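Participant:
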Amino acid sequence: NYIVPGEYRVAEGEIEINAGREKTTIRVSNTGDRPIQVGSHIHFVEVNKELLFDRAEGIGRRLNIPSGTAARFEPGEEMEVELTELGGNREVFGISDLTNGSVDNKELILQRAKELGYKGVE
Amino acid sequence: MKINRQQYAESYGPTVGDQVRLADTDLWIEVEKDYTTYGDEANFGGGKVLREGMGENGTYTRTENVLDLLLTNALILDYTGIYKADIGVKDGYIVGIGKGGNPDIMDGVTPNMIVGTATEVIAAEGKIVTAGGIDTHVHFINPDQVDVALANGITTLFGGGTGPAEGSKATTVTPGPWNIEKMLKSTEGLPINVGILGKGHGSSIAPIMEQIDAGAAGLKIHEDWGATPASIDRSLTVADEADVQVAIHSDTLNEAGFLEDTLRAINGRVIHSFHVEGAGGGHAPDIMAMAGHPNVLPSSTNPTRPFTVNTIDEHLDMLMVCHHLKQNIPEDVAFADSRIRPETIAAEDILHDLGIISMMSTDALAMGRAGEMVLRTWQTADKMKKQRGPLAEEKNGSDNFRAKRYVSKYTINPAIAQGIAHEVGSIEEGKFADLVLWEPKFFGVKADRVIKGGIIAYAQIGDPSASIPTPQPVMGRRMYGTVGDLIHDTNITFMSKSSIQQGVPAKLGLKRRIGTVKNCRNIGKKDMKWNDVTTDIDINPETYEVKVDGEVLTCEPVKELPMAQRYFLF
Amino acid sequence: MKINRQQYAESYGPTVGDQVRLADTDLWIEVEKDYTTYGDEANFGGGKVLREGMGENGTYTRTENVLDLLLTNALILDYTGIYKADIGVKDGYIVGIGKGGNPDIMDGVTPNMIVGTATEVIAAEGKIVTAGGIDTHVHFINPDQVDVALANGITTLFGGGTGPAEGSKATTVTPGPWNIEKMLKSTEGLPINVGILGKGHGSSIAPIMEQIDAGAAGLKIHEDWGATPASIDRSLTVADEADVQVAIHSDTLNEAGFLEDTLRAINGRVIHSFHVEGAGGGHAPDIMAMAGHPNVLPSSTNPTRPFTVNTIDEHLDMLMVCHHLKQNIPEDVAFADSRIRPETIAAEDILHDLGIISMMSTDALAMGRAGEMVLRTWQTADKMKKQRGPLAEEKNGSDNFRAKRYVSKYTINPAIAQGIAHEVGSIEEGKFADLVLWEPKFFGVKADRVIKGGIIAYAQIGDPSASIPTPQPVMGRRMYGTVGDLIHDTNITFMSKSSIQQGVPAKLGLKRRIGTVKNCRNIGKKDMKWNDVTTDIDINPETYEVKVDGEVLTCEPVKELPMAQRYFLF
Amino acid sequence: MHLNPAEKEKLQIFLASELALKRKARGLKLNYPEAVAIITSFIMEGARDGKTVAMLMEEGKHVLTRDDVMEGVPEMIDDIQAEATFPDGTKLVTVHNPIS
Amino acid sequence: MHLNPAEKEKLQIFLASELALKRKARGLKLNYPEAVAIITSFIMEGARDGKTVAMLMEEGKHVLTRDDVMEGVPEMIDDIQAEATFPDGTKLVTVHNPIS
Amino acid sequence: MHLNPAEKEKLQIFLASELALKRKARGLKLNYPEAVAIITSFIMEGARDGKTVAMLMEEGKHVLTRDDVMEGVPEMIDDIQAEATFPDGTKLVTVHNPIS
Ligand SMILES: [F-]
Ligand SMILES: [F-]
Ligand code: NI
Ligand code: NI
Ligand code: NI
Ligand code: NI
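Top line first, the protein sequences correspond to chains B, C, C', A, A' and A''. A prime marks a further copy of an entry chain.
The deposited numbering puts the last residue of the first sequence at 126; the count rises by one with no breaks.
The deposited numbering puts the last residue of the second sequence at 570; the count rises by one with no breaks.
The deposited numbering puts the last residue of the third sequence at 570; the count rises by one with no breaks.
The deposited numbering puts the last residue of the fourth sequence at 100; the count rises by one with no breaks.
The deposited numbering puts the last residue of the fifth sequence at 100; the count rises by one with no breaks.
The deposited numbering puts the last residue of the sixth sequence at 100; the count rises by one with no breaks.
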């Protein structure tokens, strides 16, 4: 009976994000001495050079977290994160300039990443 | 990875099946569908999604499917639906309703809704977004009335007047070519859309028609200038030739005819019946029967909306002032008293709820309140839910049917009636980006931000000296869309086809966008969205009892309304 | 006939060697030189000197060395000196600084400073006169912010925004050709100089460059749009071609790189680092190290200026609102908290005092106060005198060195950084006559009269119904320079060379004076007047301790400031 | 607060009434604008209190008497009109001949 | 007086608070703008008194309680923000959830 | 009410004086605009009371003393000027050095 002006009455259930897309869990470490925070929609292979992880496993992917949230790595901190697949045309331009085209070009992306010192290229 | 619904709605606004209370009313709207792809919602800010290479595309130039403005996560309330979408604006118009962002990486992006370098962002998550209100019964009496209207979500003013002259204080009339030209030039400084009505009075065609050619967008027939069979007839002959609308305030006195005589003079032609209940004017006591006819587009003005315990007592002195009447002339008082009837006011509530009265309007400053058209629409809907129950058409416990029926009364239907719905009156692709954001707690009471032609024109915002815009005092203020020459690009002056063809804008130096009035004469009650009912309305001449389908229409006045003392400082 | 110094200063303002207290601070400025000839001082009024045949020449036409306006007996405070002179204005520009009057009978008249029939007089005896403030960090959020700025002596606003849209509430960005055109047209009604920044984001050149060609005067790189290596690089490539400045708010999150990665993307090119201390944004915790580099033009925004006991406590909620962050997202709070550090705020005070941070700015309405750039500059200088002592460079017990260093931060240096110092930013012959008069008791607090292009635009003045203008209430009010079409001639819209060459002003119907942005890419820290220091700034990533030349920079917060509760009603 | 244009304007009626009440309290006969302000603010506060329009139309005739105001003021005020938010929304109160 | 734009605007917060306080004193449950005005003026007068920002962030939660205001008003006010001149210059006070 | 531009503006002097008087009553030393507001409103109410210009030119020097105001405020106020409607029309009151 009490009226909260403008209140919501939400439906039952839950919302599944990024439904139907492959998910991948990887370990990532901040080898730097300042904190690194990573948003939900950055192409994961293009994050800060000083994050150490299997860079190939970030290609064509991003964090599987709610839109507009982030994962925070304090200095020296290692965490497991879950990635989802990029959608749409599966192309990335700009950011760190590692892709500039289809994410399918894994060898080129990794060659650029290695030459520029992004940690974790095999 | 799943998110519960409470947290989802907090972060992105509600989604399918969620309900939202309208202000402090009992009315609940339910999200019918959602254009998003869950996980790819657009949002802007520090570390958020609309960033270069991410939700913002870094490749395309403005002309390549990129927006000037994206409203993210809007809950749209419109005659077309109640639903969740992003809204994309370009060149001052709504170009996309759907899902915005970056096709590079997001699923489900509407192809012409790319967020690019050229794109500004307004966050609509947690807001209700409606079309700007279309007020077709405006007396231009005091320029301070514009901000009053903007603050309650009105974005178009149709009517007439030259300021506080007695003719204008009584009638929505800007008379003759010279007054029309002067007011078209005044309009260059009014931060709202405008159309001007000429005097629908005369017994020869040329004095009436020359107002249309001078730039009027329609005509007003008003009893204070003689709402005679001749003036009715000549005005409609002009309107049929010029493709503009005629509004009527009929002969309350029944001096030259009764209602049936006015209808015979109309002779089946299209007309907009103002304040059809009749307190604001018209054949006493039975004018409201006009709302049953297929050629009548019927509106109410707002002081009778809805029926409350104080409604009757305010009206006599209001009417006497408006119409320049004298307390010491008994027949002036008798005329005023003849217009004020609880029986027809009560029935007017029900006729709105049944879709028999199709439109709301203010009657600003001449028996009406410039900033209460939207407000009183929702108070009426709430009263009718309380007294009549959910409409039979509703489902899942929502009030969506009633919400569509009522929002149409002050958005799309006045636009259709006036011949301007190709430009304004609804949230649809291809229409001008006149949009109102509301916090649900303030819905219908005080607008958050009023967008005009794609730029914010009015906003409730705080201390201009502060570190951020939210500290007190938060008040309604004109924004950059109203400043300098931007007032020209964010507002439309609506004009007749003939005045446009004859070059009136260039002659007068008008810089505002010029809107064409058209498709006014080939419509009827059937074209009023969600409010298309024709029926035989019987009004007893002795008792004023109103019958439809053999049933008396009556309801009680209420002592209290929502959207009232919880909100207002005075 | 001799006059004692106290009486001389009362009558004509101070002369060589006299000192004046700045407001209620401990800062004293000393007159370094005086251009007058004692006995031939100009003054205006009943029975005074500037009368025909006397101090006013009656022979010469306006074009014959006669002024439109003489400011008599000004105490100039400028990067060029602190000194006593008359100031002569003609065609809206400063044409002479020296001694005005009539060569017929007076000694020492500067040849082009004749008071003639064409000359208006402003009495500056007993006033301090400075250049108008140049605020290069303005968010265009609420038009009411203009008078706030004028009242504290600001005459140019550089920044971006479209009103209270979330993009603009976070970032100094007017995005894309259409929003830029709309805001250039809005600017026609803003009584202050303006330049507009486009969105410095993209991975292709054309979406960024088309903003410059549309009329932008520079670019803003902001982390809320993705301050990535790509966006940094493309924006600087555009700026190097177009000869405009780029401002940066860097990647606080260190998401795509640390500070060293941002510097590598800049690659030695010129850039204006906004809020270099970092509370207002940037690589946490070490962004302020940018102020050591030769290619960086570093500014502060004002809420951290100076370090006080309440500074930290206000910042978290301010930041969350500005950047559209959510209290219920832990990483949003962690990001906000990472920006707020007493260690770097305290060091920021000292870096200003050492000439390592070259500029002040507001950040108006997006973590900054539109009317407190000048105010907080002097509060900082006063705090530093109290805590660090007179600077070693001072003499005769004056604070002239510190006064020059600090006045430069909000006048000449922002103008140089933006490429507009050929027009504005100092009291020098050949520059636009944007001048602020201050009573010493109100210096830096409330301007007396603000002159724009040679006409008073804003003044603290009293009752408009009174017999004289001094009776209460004395308040800030817009003057005739802001009215009618005079707003066009008294203000400058600054634009890129390409937009000017491509005829954008004529295309949009802009009537304001058009200023060209130029000479932005061939400057560095060495060109910042009195604030040209380059050094290696070390910021400890763990403790946030700031070191320069092996010494920790720290100071205490203060409980009280001058230029505060003695003056303000709220 | 979300003040709209009318809320801002009507604050200055309340203020003028407070001014006029302090003048009355120190013994002055009130002038035309003072008398109008007092009666107007009385109406708007009565609406806030939840009185009816009909109550205020009558109470407004008993707020000030002719001995409270200067010569001629009763005859200068033919009526006072004010709108305020009642429990049932905005309504207009017209007080005819408030001071006999 | 040399009033600047903010000083002029903020006078109307003080006035709205005085209005609201008189309504509370005669027994009315306060509405949304009344409650905001009272808490806002309280903050700005506290700054004038020389309290700290941190003091006012907490005191602002104890100015009005839910029994002082109409139904739903506590839930309508997520926070109140006000800037005023403290002894150490202008600062922002944010009071979260001022009425439980 | 028929308020003209000056009547509207001068309401805000009265309001600023009321604000300043409440600050003084709770023990604060008054600042520059507060002191000016109090003395100005005093003059305009004195005219309303029917005092002469000459009376107010002298009384205005005895409204506030230096112990009522912050350091330096007496020396910041060289004079206060106000116009108001006296029984014989609008006149100007100039108070020189109102606070010694
Ligand atoms: F009407
Ligand atoms: F910023
Ligand atoms: Ni009518
Ligand atoms: Ni009407
Ligand atoms: Ni920033
Ligand atoms: Ni900023």
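For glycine and all other residues, C-beta sits at the position ideal for the given N, C-alpha and C.
For the segment 458-472 of chain C against the segment 357-375 of chain C', are there 3 or more C-beta pairs whose distance is under 8 angstroms?
Facilitator: The segment 458-472 of chain C vs the segment 357-375 of chain C': in contact.
Participant: Among the candidates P143/C', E260/C', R402/C', whose CA atom is the shortest distance from the CA of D78/C'?
Facilitator: Nearest of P143/C', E260/C', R402/C' to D78/C', Cα basis: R402/C'.
Participant: Does the structure place the segment 341-354 of chain C close enough to the segment 122-132 of chain C that three or more beta carbon pairs sit under 8 angstroms?
Facilitator: The segment 122-132 of chain C vs the segment 341-354 of chain C: no contact.
Participant: What separation, rounded to the nearest whole angstrom, lies between the Cα atoms of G215/C and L236/C?
Facilitator: Straight-line Cα distance between these residues: approximately 17 angstroms.
Participant: Which residues have a Cβ closer than 5 angstroms to any heavy atom of ligand 1, listed in chain order?
Facilitator: Spelled out in chain order, the answer is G280/C, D363/C.
Participant: Within the segment 157-227 of chain C', note down every full beta strand (DSSP E) run reaching 3 residues or more, in order along the chain.
Facilitator: Entirely contained in the segment 157-227 of chain C', the beta strand (DSSP E) runs reaching 3 residues are, in chain order, 193-199, 218-222.
Participant: Could you name the residues of the segment 12-23 of chain A whose beta carbon sits closer than 9 angstroms to any beta carbon of chain A'', in the order they occur along the chain?
Facilitator: Flagged, chain order: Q12, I13, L15, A16, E18, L19, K22, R23.
Participant: Kindly list, in the order they appear in chain C, the residues whose Cβ is closer than 7 angstroms to that of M44/A.
Facilitator: Result: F570.
Participant: So is the beta-carbon of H488/C' under 6 angstroms away from any non-hydrogen atom of ligand 2?
Facilitator: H488/C': no, Cβ never under 6 angstroms from ligand 2.
Participant: Beta-carbon within less than 8 angstroms of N142/C''s beta-carbon, same chain only, minus the 5 sequence neighbours each way: which residues are those?
Facilitator: If we look at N142/C' and ignore the five residues flanking it on each side, its Cβ neighbours are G163, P164, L365.
Participant: Got a sec, what are the start and stop residues for the alpha helix (DSSP H) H315/C' sits in?
Facilitator: Unbroken alpha helix (DSSP H) run through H315/C': 311-322.
Participant: Nearest to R48/A' by alpha carbon, out of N31/A'', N97/A'', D88/A''?
Facilitator: Out of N31/A'', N97/A'', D88/A'', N31/A'' has the C-alpha closest to the C-alpha of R48/A'.
Participant: State the Cα-Cα distance for the pair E551/C' and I539/C', rounded to the nearest angstrom.
Facilitator: C-alpha separation (whole angstroms): 11 angstroms.
Participant: Specify the secondary structure class of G292/C' as computed by DSSP and reduced to three states.
Facilitator: Three-state result, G292/C': helix.
Participant: Give the residues from the segment 65-93 of chain A' that approach chain C' closer than 7 angstroms (Cβ to any Cβ), ordered along the chain.
Facilitator: Within the segment 65-93 of chain A', the residues whose Cβ lies closer than 7 angstroms to some Cβ of chain C' are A84, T85, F86, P87, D88, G89, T90, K91, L92, listed in chain order.
Participant: When you check each C-beta in the segment 431-447 of chain C against every C-beta of chain A', which residues fall closer than 7 angstroms?
Facilitator: Taking 7 angstroms as the Cβ-Cβ cut-off against chain A', the residues of the segment 431-447 of chain C that qualify are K441.
Participant: Check for me: the alpha helix (DSSP H) holding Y567/C' runs from which residue to which?
Facilitator: Counting along the chain, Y567/C' falls outside any alpha helix (DSSP H), and DSSP gives it neither H nor E.
Participant: Any C-beta of chain A' within less than 8 angstroms: which residues of the segment 347-364 of chain C qualify?
Facilitator: Here the close residues number zero.
Participant: Does the pairing of the segment 51-66 of chain A with the segment 12-29 of chain A' give three or more beta-carbon distances under 8 angstroms?
Facilitator: Taking 8 angstroms as the limit for Cβ pairs, the verdict is that the segment 12-29 of chain A' does not touch the segment 51-66 of chain A.
Participant: Taking the alpha carbon of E11/B as the reference point, which residue from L67/C, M528/C, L184/C, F442/C has its own alpha carbon closest?
Facilitator: Answer by Cα proximity: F442/C.
Participant: What three-state label does DSSP hand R116/B in the structure shown?
Facilitator: Looking at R116/B - three-state DSSP - the assignment turns out to be helix.
Participant: Of all the options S33/B, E78/B, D58/B, which has the alpha carbon lying nearest to the alpha carbon of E542/C'?
Facilitator: Closest option to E542/C', Cα to Cα, is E78/B.
Participant: Hey, quick one: how far does the beta strand (DSSP E) through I94/C stretch, first residue to last?
Facilitator: That run of the beta strand (DSSP E) goes 93-98.
Participant: Does the distance from the C-beta atom of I38/A' to that of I80/A' stay below 7 angstroms?
Facilitator: Cβ atoms of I38/A' and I80/A': not closer than 7 angstroms.
Participant: List, in chain order, every chain C' residue whose beta-carbon is nearer than 9 angstroms to that of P5/A''.
Facilitator: Within chain C', the residues near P5/A'' are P464, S465.
Participant: With 16 as the cutoff for other CB atoms within 10 Å, does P103/C come out buried or exposed?
Facilitator: Its Cβ being crowded by 16 or more others within 10 Å, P103/C is buried.
Participant: Excluding five sequence neighbours on each side, which residues of the same chain lie with their C-beta closer than 7 angstroms to the C-beta of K383/C?
Facilitator: Hits under 7 angstroms: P306, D349, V558.
Participant: Can you tell me the Cα-Cα spacing of residue 127/B and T35/B, whole angstroms?
Facilitator: In the structure displayed, chain B extends from 5 to 126; residue 127/B sits before or after that span and is not available.
Participant: In the segment 86-100 of chain B, which residues sit with their C-beta less than 8 angstroms from some C-beta in chain C, listed in chain order?
Facilitator: The segment 86-100 of chain B vs chain C, Cβ under 8 angstroms: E86, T88, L90, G91, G92, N93, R94, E95, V96, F97, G98, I99.
Participant: Leaving aside the five residues before and after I29/C' along the sequence, list all residues of the same chain whose C-beta is less than 7 angstroms from its C-beta, in chain order.
Facilitator: Cβ within range, chain order: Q19, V20, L22, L77, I82, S398, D399, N400, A403.
Participant: With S358/C and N413/C assumed to form a contact (beta carbons below 8 angstroms), what rounded beta-carbon distance in angstroms separates them?
Facilitator: Indeed, because the Cβ distance is near 5 angstroms, the residues count as touching under 8 angstroms.
Participant: With hydrogens ignored, establish whether the beta-carbon of residue 572/C is closer than 6 angstroms to any heavy atom of ligand 5.
Facilitator: No answer is possible for residue 572/C: it lies beyond the span of chain C, which begins at 1 and ends at 570.
Participant: How would you list, in chain order, the residues of chain C' whose beta-carbon sits under 9 angstroms from the beta-carbon of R5/C?
Facilitator: Under the 9 angstroms cutoff, chain C' gives no residues; its nearest Cβ is about 15 angstroms from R5/C.
Participant: Taking the straight line between their C-alpha atoms, what separation do you get for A74/B and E428/C?
Facilitator: When rounded, the distance between both Cα atoms is 35 angstroms.
Participant: Pull up the distance between the alpha-carbon of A334/C and that of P177/C, whole angstroms please.
Facilitator: Computed Cα separation, rounded: 36 angstroms.
Participant: Just curious, the alpha helix (DSSP H) that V148/C is in, first and last residue?
Facilitator: Residues 145-151.
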